[PDB]
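Protein chains in written order, with the deposited numbering: chain E, 2 to 542; chain B, 2 to 540; chain A, 2 to 543.
First up is the structure itself, then whatever we jot down about it.
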Amino acid sequence: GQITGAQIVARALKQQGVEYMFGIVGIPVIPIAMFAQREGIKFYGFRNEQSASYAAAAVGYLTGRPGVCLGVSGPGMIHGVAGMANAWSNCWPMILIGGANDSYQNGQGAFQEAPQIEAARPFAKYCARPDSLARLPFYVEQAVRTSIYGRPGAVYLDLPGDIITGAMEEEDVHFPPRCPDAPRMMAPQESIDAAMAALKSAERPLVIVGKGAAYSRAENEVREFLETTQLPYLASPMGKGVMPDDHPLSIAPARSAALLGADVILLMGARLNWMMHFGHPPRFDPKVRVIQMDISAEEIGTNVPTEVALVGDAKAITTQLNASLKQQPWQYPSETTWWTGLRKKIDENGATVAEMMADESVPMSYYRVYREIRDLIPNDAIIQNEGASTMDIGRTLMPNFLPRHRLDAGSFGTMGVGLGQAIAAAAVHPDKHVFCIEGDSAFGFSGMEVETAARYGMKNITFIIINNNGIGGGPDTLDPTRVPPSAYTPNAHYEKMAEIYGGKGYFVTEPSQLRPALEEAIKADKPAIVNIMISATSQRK
Amino acid sequence: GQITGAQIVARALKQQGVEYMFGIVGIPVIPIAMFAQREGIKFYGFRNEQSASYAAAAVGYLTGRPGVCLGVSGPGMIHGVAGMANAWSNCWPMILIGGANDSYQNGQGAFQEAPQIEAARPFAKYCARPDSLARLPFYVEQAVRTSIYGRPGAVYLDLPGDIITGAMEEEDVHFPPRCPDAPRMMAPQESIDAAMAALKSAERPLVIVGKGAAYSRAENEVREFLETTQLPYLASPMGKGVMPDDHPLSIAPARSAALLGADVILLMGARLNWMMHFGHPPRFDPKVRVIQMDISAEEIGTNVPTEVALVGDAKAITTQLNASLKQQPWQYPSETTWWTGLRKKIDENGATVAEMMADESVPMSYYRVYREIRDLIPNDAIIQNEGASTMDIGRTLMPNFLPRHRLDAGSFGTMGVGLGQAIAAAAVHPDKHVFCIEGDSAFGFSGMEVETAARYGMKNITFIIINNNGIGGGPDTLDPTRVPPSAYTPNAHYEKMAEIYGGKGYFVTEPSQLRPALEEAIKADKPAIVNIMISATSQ
Amino acid sequence: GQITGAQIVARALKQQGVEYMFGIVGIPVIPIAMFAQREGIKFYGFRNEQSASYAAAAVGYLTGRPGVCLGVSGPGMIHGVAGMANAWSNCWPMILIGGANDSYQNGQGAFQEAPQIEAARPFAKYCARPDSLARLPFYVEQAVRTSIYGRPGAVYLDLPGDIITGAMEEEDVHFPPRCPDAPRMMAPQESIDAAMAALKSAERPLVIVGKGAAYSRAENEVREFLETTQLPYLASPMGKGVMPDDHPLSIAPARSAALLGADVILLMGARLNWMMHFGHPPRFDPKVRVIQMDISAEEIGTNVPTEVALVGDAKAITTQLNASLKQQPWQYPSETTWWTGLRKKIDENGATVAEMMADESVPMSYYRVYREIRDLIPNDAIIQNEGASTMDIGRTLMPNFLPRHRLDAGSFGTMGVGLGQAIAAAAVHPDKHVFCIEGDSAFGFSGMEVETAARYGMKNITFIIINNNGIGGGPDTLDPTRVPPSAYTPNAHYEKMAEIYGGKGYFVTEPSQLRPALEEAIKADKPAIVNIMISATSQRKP
Ligand SMILES: Nc1ncnc2c1ncn2[C@@H]1O[C@H](COP(=O)(O)OP(=O)(O)O)[C@@H](O)[C@H]1O
Ligand SMILES: Nc1ncnc2c1ncn2[C@@H]1O[C@H](COP(=O)(O)OP(=O)(O)O)[C@@H](O)[C@H]1O
Ligand SMILES: Nc1ncnc2c1ncn2[C@@H]1O[C@H](COP(=O)(O)OP(=O)(O)O)[C@@H](O)[C@H]1O
Ligand SMILES: Cc1ncc(C[n+]2csc(CCOP(=O)(O)OP(=O)(O)O)c2C)c(N)n1
Ligand SMILES: Cc1ncc(C[n+]2csc(CCOP(=O)(O)OP(=O)(O)O)c2C)c(N)n1
Ligand SMILES: Cc1ncc(C[n+]2csc(CCOP(=O)(O)OP(=O)(O)O)c2C)c(N)n1
Ligand SMILES: [Mg+2]
Ligand SMILES: [Mg+2]
Ligand SMILES: [Mg+2]
């Protein structure tokens with residue numbers, strides 16, 4: 002009856018709701034990975050901790066419980082800090098478990114001795130180095146609860162080697178119960194009535210449904226709220242799917258005109274950050290009334306004054322708004338100058354998009370490639386879209402129908418999360434298909450992770466590379482003594498990386514090769530790579 | 002006419018609700034204090050930034066909007082981080098405005114150049130170095146709003162000298178409006194009913210009223226709650242006053258008894274920290290069920306599992322409880338085996354208290370001295386108690402009837418907040434009398450600030466020193482080569498410091514002098530000091 | 002036999018050369034202060050850890066081994082970060098020992114649980130929380146060694162409660178030997194001959210003697226080099242005493258003219274920071290050639306380029322400059338246009354200084370008061386001068402004849418170091434007298450420490466308060482509502498604080514009261530206070 006620290010941590014994580022663990026083993030975190038599998042936690046051995054830390058953050062967004070990134074002492078943990086910042090920026094729960102040198106070797110210049118707690122502090126809600134084996138379950142339970150309660154964030158546990166490998170009696174350790182699900186605070190009664198009056202007194206109302214509404218699991222109530230009020234709504238890049246992107250109330254093609262003309266905006270789990278242009282002119286009405294629904298009280302009132310503050314959980318507050326529509330029913334009129342003005346902009350944009358999508362010139366364009374892509378993604382798949390032009394075009398091109406089904410660079414604009422987040426999507430959804438659509442540069446960050454996807458049999462992932470030979474484009478030839486900083490090797494056969502694990506690679510340059518190569522890639526028994534070449538001068542609209 | 006960065010900061014502070022500023026002037030924050038008085042902010046020049054930063058955190062607890070501590074670059078700002086940590090520990094809104102060297106001198110070894118941002122960060126919710134003059138009102142509103150929203154805390158603004166001395170067109174500076182009061186969060190209706198179920202099913206219930214409820218300013222709602230349900234309640238040291246200490250529902254004389262045998266406990270703005278012994282045995286039921294009411298979601302479930310999590314503002318949640326109680330009337334029975342057990346200990350403990358306050362022996366004891374102080378403090382006064390035994394015995398002997406009328410060491414257990422919090426209490430309540438009962442050791446931390454109190458005419462403050470010649474006691478004689486590390490000068494006449502500003506000092510050794518000296522000091526036109534000698538053996 | 006962690010760290014501190022400890026006791030650092038006295042370390046209980054941490058940094062400058070500031074967990078340690086920063090700014094060795102809650106209570110909201118390592122690190126060369134009891138001497142030896150080797154600085158030791166109270170058999174504890182003194186590296190012969198060739202070519206040379214040369218204890222070698230070369234030298238505020246302030250080679254009364262007209266400058270343990278105007282115009286020649294002698298290689302070349310870099314110990318490199326002169330003797334001539342120019346400004350500034358001292362009017366001025374103070378201070382006493390004008394006017398008027406005999410605000414310009422530094426001076430030098438000349442504003446930062454000085458029988462300290470009723474002056478009548486932010490109580494009786502411990506206070510307001518009150522305060526058997534009133538509108542020599 003002797004239990005080790007790695008055993009205690011592994012069982013504690015499984016008890017507190019951890020199911021997926023990513024990272025790379027080594028001194029001294031080897032036992033933690035072995036016991037994680039022996040306790041019911043799937044461990045995925047990545048090729049670089051940077052990509053593994055991004056996968057851990059994506060699990061916190063998809064499942065509601067934090068994903069664990071395991072890194073060795075010193076540099077292994079430091080690589081994982083990149084993911085901590087991403088979870089810090091996107092408000093996602095995630096745990097970074099970093100090994101450390103033997104505590105009795107501190108100050109001696111031990112192997113991989115580093116100020117790991119201080120390196121994780123700027124992006125962590127919680128840092129801790131446990132003091133004893135018997136109190137390890139206290140730190141794990143506190144680490145999980147801190148990551149999901151309130152505004153979700155990243156936490157870090159510093160595990161010295163002697164605690165990982167030390168042993169003690171099992172009857173003496175105490176395992177706390179699985180901490181309850183994150184409490185859902187509600188808005189005050191008087192504020193819900195004030196939020197309705199502002200919406201009922203709006204000439205040009207607008208609803209913004211963002212990442213916070215998707216993470217809050219509030220898809221049912223938002224669809225009930227919008228369909229009952231018939232309000233025009235705008236989805237964030239990762240709010241797509243909370244409300245179906247083919248819904249009539251969506252004004253996404255007229256995004257710029259809606260934000261510029263709106264006088265009362267309802268924020269549903271979204272922030273007025275760089276993505277929303279800080280809510281300031283010339284993109285917004287300088288006197289726009291703002292109703293903000295957010296779980297963080299400090300976020301309320303950022304950049305733009307907030308007239309009605311709905312501090313609390315997006316799912317708990319939206320039920321109050323739905324409860325307001327029962328003792329006081331109200332619908333927004335279906336024919337106003339605001340509706341007809343917007344609906345003209347959508348039909349104009351959609352005509353321009355289709356006119357650009359139907360162009361078949363070679364070298365191909367984004368819209369031409371995204372036509373064959375869009376018509377082959379099933380309505381229940383998971384889109385992973387990383388890149389610059391590729392990601393932005395696909396945002397408006399590829400629709401989503403279920404919540405939390407699109408993953409991109411997020412609020413931090415991080416390159417390198419792509420293949421990492423795609424593996425996390427296949428670990429959470431092993432029966433659904435994941436489309437990891439990448440640019441040539443973004444794929445180069447975590448490109449070696451294609452072998453990881455195949456080693457765990459994640460054939461539900463199809464890697465699609467939109468290549469234009471550089472960051473925003475590159476030439477057809479390169480002078481080795483005069484390479485542009487953004488240029489890459491022209492016509493780089495990235496798809497030949499599929500031969501590492503015996504998979505299929507496709508090199509597409511003409512619209513005829515597009516659909517057949519894509520069709521056979523999805524049917525493959527191993528993760529296939531489709532490398533599509535486009536024009537370097539191809540741009541947006 | 003043009004406006005300077007110092008004048009921009011002062012007006013923006015006043016607009017966002019700042020009314021009190023403490024600190025010491027100097028390079029380069031001198032113009033800030035000048036426009037502070039000019040824009041209507043009461044500035045108080047302290048003797049040390051350490052005591053000033055504690056007065057700032059006290060104003061945040063008393064008013065609901067953060068007091069400001071103004072410190073010079075380098076050493077001045079670093080001294081103010083103490084109060085930042087105190088507000089960080091007590092969840093109080095507080096602002097430290099530390100000057101900096103001119104930005105065009107960074108890296109040159111400028112005057113008082115220091116990593117001030119990194120020094121404040123471990124205790125700050127928000128550190129910011131404003132980038133330009135036009136955006137100064139943006140950072141000021143963001144600092145105040147971040148200090149009072151959510152769980153209150155301390156923030157820090159790094160103001161370089163050139164930002165302070167620079168000027169620009171006044172009409173080109175945009176001042177955001179006064180940010181609204183801290184938004185109230187409410188608990189789900191199912192959580193209210195589950196808390197009522199646990200309280201109704203409780204064999205031995207207990208309500209712990211903490212200072213989080215006092216800061217929430219829910220005294221009117223907590224009294225409607227407890228008076229309706231007749232639940233026995235225990236108030237934290239700074240939770241006193243939310244309910245009058247003479248209320249029959251109080252079980253404070255038997256604190257160690259109720260915490261030991263309470264099957265269901267209701268935490269009303271109270272934290273299960275070291276004060277509550279972590280909610281663990283031997284002082285707690287190993288299976289105690291907790292109904293936790295706190296605004297910080299991360300705090301819920303700490304140390305002890307929380308069955309009913311009432312996350313949100315204490316005033317809004319208590320209002321839900323009262324609304325539920327008047328639609329579903331329930332009262333804890335007045336005759337219970339639980340009521341008859343605590344009441345016996347309350348009567349038994351109260352008997353030993355009376356037999357200790359009747360002690361007339363010289364040197365005196367804590368209980369004899371506090372008996373006369375208790376008889377002379379009105380019901381509307383404010384008590385500031387600091388020390389160890391002096392403060393703990395004063396917690397159980399001083400009665401508080403209005404909320405937020407007692408200021409002690411706080412959740413940090415800080416020695417040095419005494420005179421700072423007393424000065425803050427006198428500036429917020431110039432109409433009430435402020436009692437500052439200090440230990441001789443605690444008085445050494447900030448006793449120089451009696452001049453600050455006298456300089457601003459704060460004759461409503463009475464400094465009472467309870468002197469046992471050291472930290473928990475001191476010997477009668479001292480040899481300089483054999484001074485105990487906890488001993489001070491025997492019979493140190495601290496009251497002589499009242500003669501610095503021409504005040505009255507009093508030296509009491511026998512109970513015959515207690516009442517006359519205390520009554521004479523309250524009537525003094527200048528802040529008087531009463532130095533009371535007590536026995537080093539009394540416990 | 003079993004030994005506790007408190008006794009392990011107390012013995013290890015004494016073994017590593019720690020002699021003085023300042024702080025305030027309380028949970029959980031009580032056994033440390035008790036066991037320190039049992040092991041030979043002298044503990045001084047202050048009234049505030051802030052003043053104690055300033056006293057601990059002063060011990061490092063006076064002795065070369067770090068003084069220790071002892072603080073309780075949480076707020077006790079945070080108060081002691083001020084001294085860490087002051088030692089960090091002045092490059093002095095200093096150790097802050099802060100308590101911490103029991104390790105088995107982390108994350109529980111324990112009593113005074115705080116992120117103390119992070120609070121100290123911005124000013125720390127070394128932060129460490131010892132992992133076990135048997136390795137406590139390892140962390141003590143490394144902390145001392147780090148604080149004194151290379152560029153000296155402040156270190157921090159984080160001691161949890163159960164590390165202090167735990168015990169184990171004394172045999173298993175390895176006590177490392179007393180770490181050797183700081184090594185004294187030196188410059189190449191090429192750099193030595195180049196620096197000597199630079200001085201030999203200077204039309205208008207100037208030598209700057211900073212407290213880095215004082216800390217290095219190179220007073221004999223500096224006096225041997227300067228008296229051989231006859232080079233005009235300027236002494237920084239705490240660089241005074243390395244050379245006798247009454248030296249014909251001193252051009253301090255003409256500091257502005259010397260720094261401007263100089264074309265070659267030798268930096269002896271002094272930085273080109275705010276105190277030296279960054280070596281920039283209009284106070285310096287734009288084409289000034291600089292020879293910099295500094296222990297820190299990273300400091301070489303700051304603001305102004307360094308033609309000749311002499312990286313190493315000031316005492317070791319000055320020895321090389323003397324060996325080079327013993328083989329190639331060279332003297333700067335004493336009748337140059339550079340000399341006669343500086344002396345013309347010196348004689349005229351000295352006349353204006355002598356005139357302001359002759360003023361007998363009431364209220365008195367800084368010069369009349371210092372005229373009497375200067376004449377009652379022995380040539381081997383220690384000067385603690387803190388304030389604004391009080392500190393700056395005193396530096397020109399208070400001559401120091403021995404190195405490391407003046408303590409002021411330092412490179413950080415700190416208010417609150419005064420009384421703490423005076424107590425540390427008296428503890429190091431109980432034979433010499435300590436004069437603590439303070440401004441009325443500066444005195445209030447740590448005024449309660451007068452009782453600490455009396456409690457330990459420090460009769461060799463005399464507290465002198467130059468009172469102008471505010472920060473740089475103040476009115477003579479105060480309305481309690483309309484209070485200037487820089488003014489204090491008019492005619493405050495700070496001398497009454499001496500009566501706390503039975504001492505004697507003196508309230509001086511006339512010139513005929515200075516000498517009788519000052520002469521009797523020095524001879525008191527308890528530390529006395531002399532509160533001297535001056536004019537609020539009193540300035541310095543323009
Ligand atoms: N369960 C929840 N209920 C309400 N708000 C939440 C919840 N979880 C996160 N949020 C808030 O949602 C916000 C995230 O918005 P953001 O991701 O920037 O919008 P976008 O979708 O445009 O990226 C955060 O400020 C966070 O506080
Ligand atoms: N407006 C508020 N409503 C509810 N809880 C609050 C509010 N403001 C602060 N709190 C909480 O009250 C708690 C105060 O507990 P503590 O400082 O330990 O006081 P005490 O122990 O004296 O009750 C903090 O944890 C804080 O999160
Ligand atoms: N033993 C030593 N030998 C040489 N230089 C030293 C030694 N100790 C410290 N120093 C240097 O002295 C410098 C201190 O300069 P500073 O305090 O600015 O002098 P001052 O204030 O007297 O002008 C530091 O840069 C430090 O590197
Ligand atoms: C970690 C990180 N590194 C770098 C960047 C900057 N960045 C943004 S997009 C991009 C390259 C885009 O690659 P790709 O998809 O090939 O470009 P596109 O063809 O879509 O323009 C880079 C380097 C970033 N946002 N994050
Ligand atoms: C900043 C700080 N320094 C030191 C302490 C340790 N401490 C706790 S209570 C106390 C003073 C106790 O003495 P006193 O105030 O005279 O009261 P007594 O208990 O003797 O009546 C001290 C120094 C602390 N809590 N905070
Ligand atoms: C910690 C700290 N707080 C504040 C200052 C600003 N400051 C510089 S000098 C000084 C005091 C000036 O008054 P005083 O000591 O009476 O000197 P005087 O003008 O009489 O010479 C102050 C507060 C500082 N340098 N350090
Ligand atoms: Mg590209
Ligand atoms: Mg005492
Ligand atoms: Mg003055």
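Ideal Cβ placement from N, Cα and C applies to all residues, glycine included.
- Between B:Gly-471 and B:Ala-443, the CB-CB gap reaches or exceeds 8 Å.
- For the set E:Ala-389, E:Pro-306 and E:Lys-212, the Cα lying nearest the Cα of E:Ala-537 is the one of E:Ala-389.
- Within chain A, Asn-107 and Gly-108 have C-beta atoms less than 8 Å from the C-beta of E:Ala-129, given in sequence order.
- Residue contact with chain B for E:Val-312: present (Cβ-Cβ distance below 8 Å to some residue of chain B).
- Listed in chain order, the non-local C-beta contacts of B:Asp-477 below 6 Å within the same chain comprise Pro-491, local neighbours out to five positions each way being set aside.
- Setting aside the 5 residues that flank it on each side, E:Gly-75 is surrounded in the same chain by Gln-113 and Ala-115, each with a C-beta closer than 6 Å to its C-beta; the list follows chain order.
- Secondary structure within the region 250-291 of chain A: the beta strand (DSSP E) runs of 3 or more consecutive residues, fully enclosed, are 265-269 (chain order).
- Remark: the shortest separation between the CB of B:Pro-431 and any heavy atom of ligand 1 does not fall under 7 Å.
- When DSSP reads this structure, B:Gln-3 sits in a beta bridge with B:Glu-170.
- The beta carbon of E:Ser-148 sits no closer than 8 Å to any beta carbon of chain A.
- At least one heavy atom of ligand 7 lies less than 7 Å from the C-beta of E:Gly-471.
- Taking 7 Å as the cut-off, one finds no heavy atom of ligand 9 near enough to the beta carbon of A:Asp-182.
- With a threshold of 7 Å, the Cβ atom of E:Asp-477 does not count as near ligand 7, since no heavy atom of the ligand is closer than that.
- If the five residues before and after A:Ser-412 are omitted, its C-beta is found closer than 6 Å to the C-beta atoms of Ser-90 and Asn-91, all from its own chain and listed in chain order.
- Under DSSP, A:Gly-395 shares a beta bridge with no residue.
- Within the same chain, and ignoring the five residues on either side of E:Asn-274 in sequence, the residues whose Cβ sits closer than 7 Å to its Cβ are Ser-412.
- Distances taken from the Cβ of E:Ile-252 to the heavy atoms of ligand 1 include none shorter than 7 Å.
- The DSSP assignment places complete alpha helix (DSSP H) segments of no fewer than 4 residues inside the region 361-396 of chain B at 367-375, in order along the chain.
- At least one heavy atom of ligand 5 lies less than 7 Å from the C-beta of B:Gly-414.
- Considered as a whole, the region 28-56 of chain A harbours 43-46 as its complete beta strand (DSSP E) runs of no fewer than 3 residues, in chain order.
- E:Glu-119 belongs to the set of residues whose beta carbon lies under 8 Å from a beta carbon in chain A.
- For B:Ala-263 and E:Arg-179, the gap between their C-alpha atoms comes out near 24 Å.
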